[PDB]
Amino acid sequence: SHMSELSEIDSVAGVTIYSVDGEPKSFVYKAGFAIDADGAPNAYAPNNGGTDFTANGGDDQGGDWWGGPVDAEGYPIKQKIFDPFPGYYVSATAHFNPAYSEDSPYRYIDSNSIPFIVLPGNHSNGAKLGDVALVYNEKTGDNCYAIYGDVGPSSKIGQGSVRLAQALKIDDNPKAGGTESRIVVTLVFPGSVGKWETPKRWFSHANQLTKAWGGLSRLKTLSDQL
């Protein structure tokens, strides 16, 4: 394809975020890819039983716990017999399905099964949780549609779900996976969805926007500009 016209709109951690001039509206950045296991129902459990170390969700003994919802005494909610991993903690994502209660793993986006990206807090650049994106790994040639599913630290950029890592052929392990190399190009369509909907529906919408925008071929050429 031809090169795209790019206009800087933001910068986080040395990564420039560009509006892609034209329609449909989109922005793009090239960054590393840290693993966000948030929302996976096996991410966190007592005594380091999860796929991540427990302390990466905070203090599970009544202290500051950010991994997910807590009970009235500040301890993480444990999954029930009707939840995917009974006795593990409920891990939360910023994006959620309103059909389920705050204490339910089903309210959150399962990182193991759903391709999702993280955007830095205070750096959404017009995107709303549930909006779609096209994600491309320039070193493997792999790609995947994804939703904006979680919010990261305001000072960090380039992170996504276990399943997105799998789709991109990046090591998906929450404890040692991901990459610091700036090899992932993320094209976000702000204003595209802005709510929870079934993955079949948002994936189809991502496909329609990507076709209108010029397809992976255009993003491949654009990656050489970043």
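For every residue, the number given is its place in the sequence shown, counted from 1.
Report task. For the higher mean C-alpha B factor in the entry, choose 198-206 or 213-221. Result -> Stretch with the higher mean C-alpha B-factor: 213-221.
Query raised in the report: Can you tell me which stretch has the higher mean Cα B-factor, 158-166 or 61-69?
Result: The stretch with the larger average C-alpha B-factor is 61-69.
Query raised in the report: Going by the entry, which of 91, 113, 143, 125 has the most elevated CA B factor?
Result: It is 125.
Query - Out of 133, 109, 99, 129, highest CA B-factor residue - result: Answer for 133, 109, 99, 129: 99, with the highest C-alpha B-factor.
Query raised in the report: Among the modelled residues of its chain, does the C-alpha B-factor of residue 51 lie in the lowest, middle or highest third?
Result: For residue 51, the deposited C-alpha B-factor lands in the middle third.
Requested in this report: Would you mind checking where the Cα B-factor of residue 120 ranks among the modelled residues of its chain, as the lowest, middle or highest third?
Outcome: Middle third - that is where residue 120 ends up once the chain's C-alpha B-factors are sorted.
Query - Modelled-residue ranking by C-alpha temperature factor, third containing residue 78 - result: Middle third by C-alpha B-factor.
Requested in this report: Would you mind checking where the Cα B-factor of residue 180 ranks among the modelled residues of its chain, as the lowest, middle or highest third?
Outcome: For residue 180, whose C-alpha B-factor we compare with every modelled residue in the chain, the answer is the highest third.
Query raised in the report: Ranked by Cα temperature factor within the chain, is residue 149 in the lowest third, the middle third or the highest third?
Result: It falls in the bottom third of the chain.
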